[PDB]
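Residue numbers (the deposited numbering), protein chains in the order written: chain C, 1 to 107; chain E, 1 to 107; chain F, 2 to 119; chain D, 2 to 119; chain A, 35 to 46, 61 to 301, 328 to 354, 369 to 654; chain B, 35 to 46, 61 to 301, 328 to 354, 369 to 654.
Quick reminder that beta carbons are idealized off the backbone N, C-alpha and C, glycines included.
What follows is one structure encoded as structure tokens, with my remarks underneath.
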Amino acid sequence: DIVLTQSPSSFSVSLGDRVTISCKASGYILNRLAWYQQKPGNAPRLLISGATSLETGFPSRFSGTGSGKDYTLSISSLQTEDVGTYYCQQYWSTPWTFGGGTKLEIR
Amino acid sequence: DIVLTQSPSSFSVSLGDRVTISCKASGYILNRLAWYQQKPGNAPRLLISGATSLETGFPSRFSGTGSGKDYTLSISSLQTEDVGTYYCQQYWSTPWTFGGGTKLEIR
Amino acid sequence: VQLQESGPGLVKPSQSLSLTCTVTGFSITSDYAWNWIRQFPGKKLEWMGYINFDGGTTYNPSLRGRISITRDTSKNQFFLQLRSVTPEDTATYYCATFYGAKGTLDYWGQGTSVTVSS
Amino acid sequence: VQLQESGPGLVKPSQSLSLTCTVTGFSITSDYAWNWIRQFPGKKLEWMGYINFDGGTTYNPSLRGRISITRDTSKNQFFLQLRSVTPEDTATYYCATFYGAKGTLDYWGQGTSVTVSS
Amino acid sequence: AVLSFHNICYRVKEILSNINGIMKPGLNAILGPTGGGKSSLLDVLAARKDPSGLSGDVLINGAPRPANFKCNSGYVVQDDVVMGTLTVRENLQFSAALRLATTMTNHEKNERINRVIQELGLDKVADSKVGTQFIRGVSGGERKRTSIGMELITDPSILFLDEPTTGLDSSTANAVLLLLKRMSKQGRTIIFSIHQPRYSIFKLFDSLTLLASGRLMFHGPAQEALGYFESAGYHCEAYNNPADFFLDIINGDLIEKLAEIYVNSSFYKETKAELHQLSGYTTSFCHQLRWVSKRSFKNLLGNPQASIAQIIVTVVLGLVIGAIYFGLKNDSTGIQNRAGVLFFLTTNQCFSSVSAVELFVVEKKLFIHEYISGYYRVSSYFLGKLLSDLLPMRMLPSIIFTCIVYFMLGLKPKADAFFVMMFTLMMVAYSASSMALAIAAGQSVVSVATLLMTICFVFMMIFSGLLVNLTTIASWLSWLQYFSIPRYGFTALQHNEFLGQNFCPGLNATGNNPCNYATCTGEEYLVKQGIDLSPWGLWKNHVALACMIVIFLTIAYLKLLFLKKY
Amino acid sequence: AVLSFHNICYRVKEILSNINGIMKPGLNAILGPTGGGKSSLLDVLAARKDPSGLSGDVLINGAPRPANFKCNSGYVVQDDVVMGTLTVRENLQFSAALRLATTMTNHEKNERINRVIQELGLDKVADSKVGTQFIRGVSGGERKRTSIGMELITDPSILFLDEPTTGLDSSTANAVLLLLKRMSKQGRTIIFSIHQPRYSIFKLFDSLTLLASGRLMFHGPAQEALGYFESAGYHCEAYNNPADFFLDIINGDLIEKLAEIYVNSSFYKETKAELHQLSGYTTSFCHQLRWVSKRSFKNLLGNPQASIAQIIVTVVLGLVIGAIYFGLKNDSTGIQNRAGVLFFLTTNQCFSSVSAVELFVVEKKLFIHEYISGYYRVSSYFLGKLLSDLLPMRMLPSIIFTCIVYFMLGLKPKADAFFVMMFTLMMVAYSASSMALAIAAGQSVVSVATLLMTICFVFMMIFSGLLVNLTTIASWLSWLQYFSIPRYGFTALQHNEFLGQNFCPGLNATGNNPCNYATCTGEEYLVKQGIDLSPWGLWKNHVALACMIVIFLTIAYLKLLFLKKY
Ligand SMILES: CC(C)C[C@H]1c2[nH]c3cc(OC4CCCC4)ccc3c2C[C@H]2C(=O)N[C@@H](CCC(=O)OC(C)(C)C)C(=O)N21
Ligand SMILES: CC(C)C[C@H]1c2[nH]c3cc(OC4CCCC4)ccc3c2C[C@H]2C(=O)N[C@@H](CCC(=O)OC(C)(C)C)C(=O)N21
Ligand SMILES: *[C@@H]1O[C@H](CO)[C@@H](O[C@@H]2O[C@H](CO)[C@@H](O)[C@H](O)[C@H]2NC(C)=O)[C@H](O)[C@H]1NC(C)=O
Ligand SMILES: *[C@@H]1O[C@H](CO)[C@@H](O[C@@H]2O[C@H](CO)[C@@H](O)[C@H](O)[C@H]2NC(C)=O)[C@H](O)[C@H]1NC(C)=O
Ligand SMILES: CC(C)CCC[C@@H](C)[C@H]1CC[C@H]2[C@@H]3CC=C4C[C@@H](O)CC[C@]4(C)[C@H]3CC[C@]12C
Ligand SMILES: CC(C)CCC[C@@H](C)[C@H]1CC[C@H]2[C@@H]3CC=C4C[C@@H](O)CC[C@]4(C)[C@H]3CC[C@]12C
Ligand SMILES: CC(C)CCC[C@@H](C)[C@H]1CC[C@H]2[C@@H]3CC=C4C[C@@H](O)CC[C@]4(C)[C@H]3CC[C@]12C
Ligand SMILES: CC(C)CCC[C@@H](C)[C@H]1CC[C@H]2[C@@H]3CC=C4C[C@@H](O)CC[C@]4(C)[C@H]3CC[C@]12C
Ligand SMILES: CC(C)CCC[C@@H](C)[C@H]1CC[C@H]2[C@@H]3CC=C4C[C@@H](O)CC[C@]4(C)[C@H]3CC[C@]12C
Ligand SMILES: CC(C)CCC[C@@H](C)[C@H]1CC[C@H]2[C@@H]3CC=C4C[C@@H](O)CC[C@]4(C)[C@H]3CC[C@]12C
Ligand SMILES: CC(C)CCC[C@@H](C)[C@H]1CC[C@H]2[C@@H]3CC=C4C[C@@H](O)CC[C@]4(C)[C@H]3CC[C@]12C
Ligand SMILES: CC(C)CCC[C@@H](C)[C@H]1CC[C@H]2[C@@H]3CC=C4C[C@@H](O)CC[C@]4(C)[C@H]3CC[C@]12C
Ligand SMILES: CC(C)CCC[C@@H](C)[C@H]1CC[C@H]2[C@@H]3CC=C4C[C@@H](O)CC[C@]4(C)[C@H]3CC[C@]12C
Ligand SMILES: CC(C)CCC[C@@H](C)[C@H]1CC[C@H]2[C@@H]3CC=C4C[C@@H](O)CC[C@]4(C)[C@H]3CC[C@]12C
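Following this line, the structure appears as structure tokens:
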């Protein structure tokens, strides 16, 4: 299938800082990429679709840019309501696969 | 190509009345049908797309229902801001064709 | 998003017709297709053609070799040239925008009248 | 549009797992596809399968013959049955909605924990 | 019987200049080089040539050759026209069924066949297969005696033989001619044309007719030719075959030098004197059709390799297709896989129906021989061969293919869709086969017919609706699509398959189209290809295929009716 | 020269029992029936059979046959191996180029050829074409004298002839044997095997060797066989050919009855006494390759019909394709039309490369003859035939096709896309041709090779990526796609064409995908088919086609090297 790899299995930042999350796919995905944010105790929540489009209900601090196999999620000027785990998911081929997830921290 | 035919080249109704406009195509269109309303002195204005969907900016008095080659535009409880000409257009095949138009009157 | 026709309102027969549509609020090289339509006296609508966001073009076959649509991205314009004009195509000409994902003509121009006489 | 999981929170190994998701605010026979997902301890998401609005079904190949998804339109439910259970598939199970025209999992359930022990 | 020919001048350019003579009961040989009228005079004498070119008169016992002649005379061909897949008794039974009168009993026909088998000496092989490629058969020496027996069934008085020994070995040919001579003693007039015989053959002849370049070099008793040439100014040394001596004379060791000497001979005077002494259907349509069908089906069962192999291939191919396309999905690849498998099935029917070129080409000579001899009409032979070969072996692959692939692939699970697919495959097979027959009826070489069939099918494939969208072709060229058998087959299969299908999971396209370019439903795909959604848009294809079948089978029958039999 | 064979026993089952004799300068005939060792003893005597089965010893002037034997002896085949598209002088020039020493001058070779042409009597036809199907040529009587002249170029002392008269006419055969006899007077030992001669032939022989069922029925002077059989208890009547008389004896008008009588004869005693009285590359690789290439190219120019017709067909077809697909659009039908035309082009290259079956099959006998005779190596012949025929006639259709259709269709208007399409078409043509050669190298019948090629191409077509999506096949079956020439061709063409294309007018898909199932860009279409978007995803196909070419041309060379030449 298509395996999605996130290199920073964990991070560490402070408020106001800029953070970047990377996702790498083992095959061409053609922007069929989605980003979910999960808080502890809740189901995942769709944050970005189409690898660039932002979901209504989220600030204009998250942004998505990618092409081919490399996609990224940029959270500029992060707040405390942004800490959690972030998953990338491809919805190109029928066995939809998620990334390993990347947990954010606060210094 | 695909010729679109509207039988009532003209009508006559009064306020509060219900009126129905018919459009007939010479080939299968598969709901690729649109309705435009033109007032005297203005460009056409898109009223319905997809033969059922209603455009934002119009009351919930216009409705579209069709399948195959027969489509209709129902204006229930018509007002005076509704009088004009109505055109059906197919956007299925590349030479897009309009219907002859149907002018509404007021008794 | 916002279209505006302009050009000569009267034309000698069998010479040419040239209209200009200037687009404000959107880039004609960004997304849509950019069409010309004409409404005859004794109202009858006829789609003439469009130019695509990447420069490709498509015309109504009922205008055989008589029509060309060009563009100028430096100031966001597209032009309609209808050559060898007759007194039959004395219509009102509109420029319109076609989304593609939706399929319909969503934004229109104000429309400019062209009279072919002598 | 509004999903809710329910079922036994504890299961004997190698017997079966049966969950129910009841949908309110939408008809499961109207538009979308209706999925089950599980999140393992040591968080790892795995899509299991879905049932389509017309009754067609599609499963993850990593669950070979062990999974079935059924539905009951009389009260707007769809069911997950995972048979011959092992202590490895002790996850949190969600039902989610897939629009199709958009491509993403838009609405999720609250998630129910299932512990396979003895 | 006495067959007398007087001042015969056949012209096509001329082949026979002026030939005179008489043949009485006995062994009458027509010798000469290959160019001379050795095989031309035999056909003129046997009424197997067009009377348009004939000039002189051929007479029998003083009365002209009646219209009933070729039915009362036997004519054995040079090569074999015996069915190698029947048996020595079965060939004679088929011959007695159509060459004897229906008034007779089967007991009488069987006694005729027994007497004929006994007289030829075919008792120990009377129930063995004559032999084909795949089947081991009798020696080539007794196939000739079988072919001779298929002419003595009607017990004729005059028996013509076109080179009865060419192809046989020396010891075979000698026995064959000793059999012919013992026959000629009972009172039959035997007339043949030998190619360079040996003296053990020449010593049996009772009359010799030597022809060279359409000129009569000699005619009279065969034992006096030696003296004739010895007294015409030639000498033959010892150990030299006289039949070799004659062709050595004809070659040059001049043509008007021998023709004038014979015209001034005493033999010519006696022949001119003898020629101035004197002159101075059987059965019903149904009987013929039944027996033609019975023989063609015995021939189809007796040839299992080329009929079983088409079934083996149909099963193997159907299982491979069912393994590659196993479990069609209703997702982004479902349209491509359904269209691809249906296109492959239709074009496979079309290309597997090329073996129908072989139907009337392999047995063209036997057909011409048996039509001349008054076996049957063109109509009953045509219908029996269509009924026995083309019908059962073109219906069965369609049934096998459908029954195998329909449930492995997981096509539309209705009984009517299953049977419509079966009937469409059947119709496209029949239509391609009728076209192959219309192309190859009357020909004699398979290669050109096969090449033309392949070229036509390759073009019809382009206009079938998969490789090019048929709505996009220019108007001055679009009309060619109505000449495509694959197009009607493929359109019917697509109409039958795609009607109620969805192909975008999670999206209710059937209600409305979210985004303008999705092609999420089978109706959209069908209209985008130019196909009509009404039930008439399905059966229009089957009526066009039935009309094609009728037109092509009429062309094939008119090509067999107007074929030259002479 | 005197060729003596002593107690020769060839076994394959045995074909020759015990044969002894000697042949001195003159005309030595080997007669008998077709079954006996008439044509077996000729090959044993001519070193044209495997010495594994041989038992006795064959000697020349007391010394065993050296390894240089077959080069110093002439051997004329029964049927023709002369190039009907060369001329009587050109055939002899090709023979002198490879059978004579390079030390000689072209002036000396030309004088050898002139002397040989004069001695045979081929002056007035020395510059006329021998004749093929399309080309009218010399009579069959002077083709034989041409084939005899291609063996006298090296001026041998022993000349073997395999049935020099079978197929010729009587007056032709007599002149041929009178020529052979005048040759045998200059001092050449001529050894042939006649099939049932006439007395005007038998009167020329100087020694007769009669064989029957691999047994020696007689051996000695050809004029004493008559008396031998007269005194062995048989009588020959007048006007009976002795050569007919002998085979009449052999047939039965016993084999050990004649073998024992001859063993007890005086001839056998004299032969055993005489046999116990006594015993008791040429040229460079480049020269051979050059001349093989020159002859194969003269043969390709002299046969314009089958080479020009492939060009006519390539142009006609290219103009029809350019008329059907004229003006490809970037709309809902652009993907289907581009994919369909590219699929047709690739599969058309594959199916038009089936005529390569004819390359080594049509001239298998001439190849075997000339390899035995020491003309060239397998390597130089293989390379010259590949260089002269396969190379120039498989490159040209690709060029013509691309140049015609590329701008009528309106494909990607870049110079590199144009040339990548041309090179890809060229590679798929070469690959299909190499596969056809590997399949048909060494065979002798085209039919089975053509059928196997078609079956393999039909299967390779299913795995090419149009009829079934290659990402959907099961893993236990998906690996077969790596055995598809059409797949690599089609994948390279699609990669080259679809890269920068848009197919949804009015929608900027390249930026983002509005709705999940639109397939609006060529990258989406390529990835949906399983194709790699990187430049390696283009040239991977060309390296797989080059590897296929190398493997198949090695299989074809190993099938020609290990072919049985005996
Ligand atoms: C076995 C089968 C594959 C051969 C069959 C046949 N399918 C074809 C399908 C084709 O579609 C194209 C590729 C997919 C879409 C377009 C193209 C060509 C073919 C052919 C060739 C054809 C043939 O050349 N001959 C006959 C019968 C000969 C035969 O193989 O039958 C025996 C019993 C084995 C001898 C045939 O059956 N085909
Ligand atoms: C003329 C051309 C069409 C024949 C060519 C050929 N293309 C094919 C393409 C095929 O694709 C299928 C249909 C579209 C996709 C799948 C299938 C079959 C064919 C064939 C048949 C083939 C053949 O049987 N023989 C040779 C050469 C013989 C010939 O016709 O050449 C002369 C000079 C006219 C004699 C050939 O050229 N083709
Ligand atoms: C797709 O949507 C169609 C219409 O949008 C659904 O069909 C309608 O279903 C309602 C309630 O079930 C009926 O009252 C209507 O009469 C139906 N309309 C039509 C035109 O059929 C349909 O259910 C959806 N598809 C599926 C597979 O359920
Ligand atoms: C399709 O939209 C893309 C953006 O998604 C356009 O490309 C960008 O255009 C801007 C302005 O011209 C450039 O500054 C960017 O560098 C472009 N980005 C990329 C990734 O190319 C593009 O112009 C549109 N397509 C066409 C044919 O115009
Ligand atoms: C299910 C498929 C195979 C149907 C095929 C129909 C075939 C097998 C049928 C149709 C016509 C039939 C033939 C019609 C006529 C005769 C003459 C009869 O006196 C003997 C059998 C014979 C020769 C029949 C044999 C079987 C036959 C050829
Ligand atoms: C066994 C083989 C020969 C059968 C071939 C002929 C059959 C299949 C043909 C002849 C008449 C045809 C049928 C005519 C009427 C119906 C009923 C309708 O609701 C759907 C089509 C359907 C079901 C057709 C199916 C195909 C059909 C049944
Ligand atoms: C879609 C188009 C391009 C397919 C090609 C159509 C034409 C060329 C095909 C379809 C049917 C074919 C004909 C079928 C019957 C006959 C009669 C025969 O005596 C010679 C071949 C001939 C005359 C064929 C000629 C070619 C033919 C007319
Ligand atoms: C020698 C051969 C090619 C003669 C011509 C055969 C073809 C072209 C003829 C014979 C039967 C005809 C078909 C009979 C019925 C119909 C249904 C109609 O609604 C469309 C035309 C169509 C489909 C005809 C097309 C032309 C047709 C297919
Ligand atoms: C119904 C569809 C599939 C077409 C059927 C075609 C059949 C019935 C047609 C086409 C060709 C026709 C043949 C052509 C002409 C004759 C001459 C006549 O003296 C005897 C019948 C006979 C031999 C016909 C029998 C019926 C026939 C075979
Ligand atoms: C553009 C296409 C046609 C390229 C084709 C290359 C062909 C025509 C070339 C490649 C090899 C060449 C041959 C190579 C060797 C010789 C030997 C020389 O003493 C005579 C010409 C001859 C026979 C050449 C003729 C032309 C030839 C066959
Ligand atoms: C006339 C015939 C023989 C030409 C076929 C051989 C040529 C076309 C082959 C051999 C090597 C190939 C080239 C290799 C390098 C380049 C440069 C690059 O920018 C695009 C591909 C391109 C342009 C290829 C085009 C096709 C190519 C040029
Ligand atoms: C996609 C798949 C199914 C296509 C089929 C590939 C296989 C079966 C084809 C492709 C190449 C073919 C081979 C080509 C060359 C040779 C070598 C020769 O010694 C005999 C034939 C033989 C051995 C062929 C056997 C069949 C073959 C191996
Ligand atoms: C007799 C025949 C079948 C011999 C085998 C030929 C085939 C199977 C071999 C020979 C050359 C090989 C190719 C050489 C290079 C590559 C590039 C690699 O990235 C994928 C495998 C691939 C594409 C190989 C596939 C298998 C291959 C095509
Ligand atoms: C580069 C790609 C397209 C493949 C090229 C294939 C060619 C070069 C290969 C394949 C088969 C090879 C031949 C096979 C083996 C021999 C035997 C040797 O004694 C002379 C060379 C010769 C005759 C080879 C010449 C080179 C050859 C023809």
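Legend entry - 8 Å contact criterion, which residue 173(A) and residue 197(A) should meet: CB distance rounded: On the fifth sequence, position 125 is the one that residue 173(A) refers to. On the fifth sequence, position 149 is the one that residue 197(A) refers to. The pair is not a contact, with the Cβ atoms about 11 Å apart (cut-off 8 Å).
Inset, instruction - Quick one: grab the DSSP three-state call for residue 476(A). - result: Here residue 476(A) corresponds to residue number 388 of the fifth sequence, with the count starting at 1. Reduced to three states, the DSSP call for residue 476(A) is helix.
Legend entry - residue 152(B), DSSP secondary structure in three states: As a first step, residue 152(B) must be located in the sixth sequence, where it is residue number 104. Residue state, collapsed to three classes: coil.
Inset, instruction - Under 8 Å by Cβ, that's how I've got residue 245(B) and residue 287(A) pegged, so tell me the actual separation to the nearest angstrom. - result: Along the sixth sequence, one-based indexing puts residue 245(B) at 197. Along the fifth sequence, one-based indexing puts residue 287(A) at 239. About 12 Å separates the Cβ atoms of residue 245(B) and residue 287(A), ruling out a contact at the 8 Å cut-off.
Legend entry - Residue burial classification, residue 617(A) (beta-carbon count within 10 angstroms, cutoff 16): For the purposes of this step, residue 617(A) is identified with residue 529 of the fifth sequence, where counting begins at 1. Classification for residue 617(A): buried.
Inset, instruction - Please specify which runs of the alpha helix (DSSP H), each continuous and at least 4 residues long, are wholly inside the segment 401 to 461 of chain B, giving them in chain order. - result: Within the segment 401 to 461 of chain B, the runs of alpha helix (DSSP H) that reach at least 4 residues and sit entirely inside it are, in chain order, 422 to 440, 446 to 449 and 452 to 460.
Inset, instruction - For residue 225(A), count neighbouring Cβ atoms within 10 angstroms of its own Cβ and tell me buried if that reaches 16, exposed if not. - result: Your numbering for residue 225(A) matches position 177 in the fifth sequence. Burial is judged here by how many other beta carbons sit within 10 angstroms of a residue's own beta carbon; residue 225(A) has at least 16 and is buried.
Legend entry - chain A contacts made by the segment 39 to 54 of chain D, where a contact means CB separation under 9 Å: Listed by position, the residues of the segment 39 to 54 of chain D near chain A (Cβ gap below 9 Å) are 51, 53 and 54.
Inset, instruction - In angstroms with no decimal places, state the Cα-to-Cα distance between residue 254(B) and residue 207(B). - result: In the sixth sequence, residue 254(B) corresponds to position 206, counting from 1. In the sixth sequence, residue 207(B) corresponds to position 159, counting from 1. A straight line joining the alpha-carbon of residue 254(B) with that of residue 207(B) spans about 15 Å.
Inset, instruction - Below 8 Å on the Cβ atoms is my guess for residue 103(B) versus residue 42(B); work out the distance and round it to an integer in Å. - result: Against the sixth sequence, residue 103(B) aligns to sequence position 55. Against the sixth sequence, residue 42(B) aligns to sequence position 8. About 7 Å; that satisfies the 8 Å criterion.
Legend entry - Backbone CA spacing between residue 264(A) and residue 74(B) [nearest angstrom]: For the purposes of this step, residue 264(A) is taken as residue 216 along the fifth sequence, with counting starting at 1. For the purposes of this step, residue 74(B) is taken as residue 26 along the sixth sequence, with counting starting at 1. Using only the alpha carbons, I get a separation of about 42 Å.
Inset, instruction - May I ask which residues mark the beginning and end of the alpha helix (DSSP H) holding residue 284(A)? - result: Numbered from 1 along the fifth sequence, position 236 holds the residue referred to as residue 284(A). Unbroken run through residue 284(A): none, as it is neither H nor E.
Inset, instruction - Please list the partners that residue 102(F) has in chain A, where partner means a Cβ-to-Cβ separation under 8 Å. - result: Locating residue 102(F) in the third sequence gives position 101, where the first residue counts as 1. Simply 603, 604 and 605.
Inset, instruction - Measuring only between beta-carbons, confirm whether residue 98(C) sits less than 8 Å from chain D. - result: Sequence index remark: in the first sequence, residue 98(C) carries index 98 (1-based). Taking Cβ atoms only, chain D reaches closer than 8 Å to residue 98(C), which makes this a yes.
Inset, instruction - Determine whether the Cβ of residue 66(C) lies closer than 8 Å to any Cβ atom of chain B. - result: Here residue 66(C) refers to the residue found at position 66 when the first sequence is read from its first residue. Chain B, which has no Cβ nearer than 8 Å to the Cβ of residue 66(C), makes this no.
Inset, instruction - Give the single residue among 157(B), 186(B), 182(B) and 179(B) whose Cα lies nearest to the Cα of residue 171(B). - result: Sequence index remark: in the sixth sequence, residue 171(B) carries index 123 (1-based). Answer by Cα proximity: 186(B).
Inset, instruction - Would you please state the rounded distance, in angstroms, between the beta carbons of residue 587(B) and residue 553(B)? I believe it to be under 8 Å. - result: As a working note, residue 587(B) is residue 499 in the sixth sequence. As a working note, residue 553(B) is residue 465 in the sixth sequence. With a Cβ gap of about 16 Å, residue 587(B) and residue 553(B) do not count as contacting.
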